[PDB]
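**Q** So the deposited numbering is basically just the index in the first sequence, starting at one, shifted up by 138.
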Amino acid sequence: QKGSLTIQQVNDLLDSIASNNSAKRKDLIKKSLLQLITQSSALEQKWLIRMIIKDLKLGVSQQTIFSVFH
DNA sequence: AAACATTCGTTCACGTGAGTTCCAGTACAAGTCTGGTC
Numbered sequence: 139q140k141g142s143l144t145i146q147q148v149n150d151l152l153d154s155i156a157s158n159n160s161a162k163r164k165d166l167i168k169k170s171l172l173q174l175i176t177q178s179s180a181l182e183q184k185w186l187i188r189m190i191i192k193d194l195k196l197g198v199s200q201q202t203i204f205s206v207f208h
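(1) Quick check on DSSP: helix, strand or coil for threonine 202?
(2) Measure the alpha-carbon distance for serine 154 versus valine 206 and round it to whole angstroms.
(3) What's the C-alpha gap between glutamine 200 and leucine 194?
(4) Does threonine 176 come out as helix, strand or coil in the three-state DSSP assignment?
(5) Between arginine 163 and the rest of its own chain, which residues show a CB-CB distance below 7 Å, the 5 nearest in sequence each way excluded?
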């Protein structure tokens with residue numbers, strides 16, 4: 139029900155997965171995905187899946203997000 | 001002295017133009033779904 143992974147750890151795992159895909163290492167990417175699954179909740183894993191697919195369906199335009207940021 | 005008109009004077013109903021609120025329709029930007037090839 140409660141996860142324990144921080145944003146920095148998630149970003150590091152995602153970068154490791156990207157390098158693994160570029161490095162032709164299936165075992166390492168599988169291990170990273172297993173760690174992500176075992177150290178996250180249902181909602182966290184759903185959001186991770188959405189981010190991986192690169193389709194969040196937030197409903198807020200990119201320009202609105204950028205304007206809010208600056 | 002009585003009747004008519006006239007007049008006339010009024011006032012009420014109806015019609016037209018300008019300001020305000022609301023909503024339908026249109027233009028533009030972005031998200032989202034989908035097509036094929038190497």
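Yeah, the Cβ is synthetic: ideal placement off N, Cα and C, and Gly gets one too.
**A** Per the coordinate set shown:
(1) helix
(2) Distance between the alpha carbons of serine 154 and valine 206: 31 Å.
(3) Their Cα atoms are separated by approximately 12 Å.
(4) helix
(5) none
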